[PDB]
């Protein structure tokens, strides 16, 4: 019946303000100086990156800005048919590896990153030692669409996602005191992922 579209107060406040300016989006876009060499930021669209079709390779690229406070939201656009076997979206410290040999959910694989595998609907963090957690929590009878929002609350130390205008709930906790960057892990040849910062709330 009626799906719930209620969202936490602060997210409502932020989303009530006008979207961030082009200059602000660019300030928080993919960093061409902090990427896997198998990936490159599109010359004609600094908000989108492209992955060379390298075999047995998992590649990542970080956003230009590391966040330490405030509520921040950004939109990720990842064509569904361009995800392959492992497509993870999340955040990480500046130390997270941007590349690995073979195909896997690199983001969320060590204690340096936190990610949501869009194909497995699972949350990963320190994956080597910790088991993944289903998300969103199943209750009925879930596919992640082409676009959705990521919400990092550094004041509370949480990461959450909003799909189809629906708040999916807190995915990770314990991020307080860190400096986190937006990050993605991909393995599909020629995939293009777009990240557009929506806004930050200093509340």
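Residue numbers count along the first chain shown, from 1.
**Q** Might you work out how many residues are unmodelled in the deposited sequence between residue 141 and residue 142, and answer none, 1 to 3, 4 to 9, or 10 or more?
**A** Per the deposited record, the segment joining residue 141 and residue 142 lacks coordinates for 1 to 3 residues.
**Q** Report the stretch with the higher mean CA temperature factor, choosing between 159 to 167 and 131 to 139 on the basis of the entry.
**A** The entry gives the higher C-alpha B-factor average to 131 to 139.
**Q** Do the CA atoms of 43 to 51 or those of 58 to 66 have the higher mean B-factor in the entry?
**A** Per the deposited B-factors, the answer is 43 to 51.
**Q** Please say which third, lowest, middle or highest, residue 85 falls into when its CA temperature factor is compared across its chain.
**A** According to the entry, residue 85 has a C-alpha B-factor in the chain's middle third.
**Q** Could you place residue 28 in the lowest, middle or highest third of its chain by Cα temperature factor, using the values in the record?
**A** As the PDB entry reports it, the C-alpha B-factor of residue 28 lands in the lowest third of its chain.
**Q** Consider only the C-alpha atoms of the modelled residues in this chain, order them by B-factor as the entry records it, and name the third containing residue 104: lowest, middle or highest.
**A** Highest third of the chain for residue 104's C-alpha B-factor.
**Q** Within this chain's modelled residues, let me know which third the CA B factor of residue 191 belongs to: lowest, middle or highest.
**A** Answer is highest: the recorded C-alpha B-factor places it there.
**Q** Would you mind checking where the Cα B-factor of residue 180 ranks among the modelled residues of its chain, as the lowest, middle or highest third?
**A** Lowest third, going by the recorded CA B-factors of the chain.
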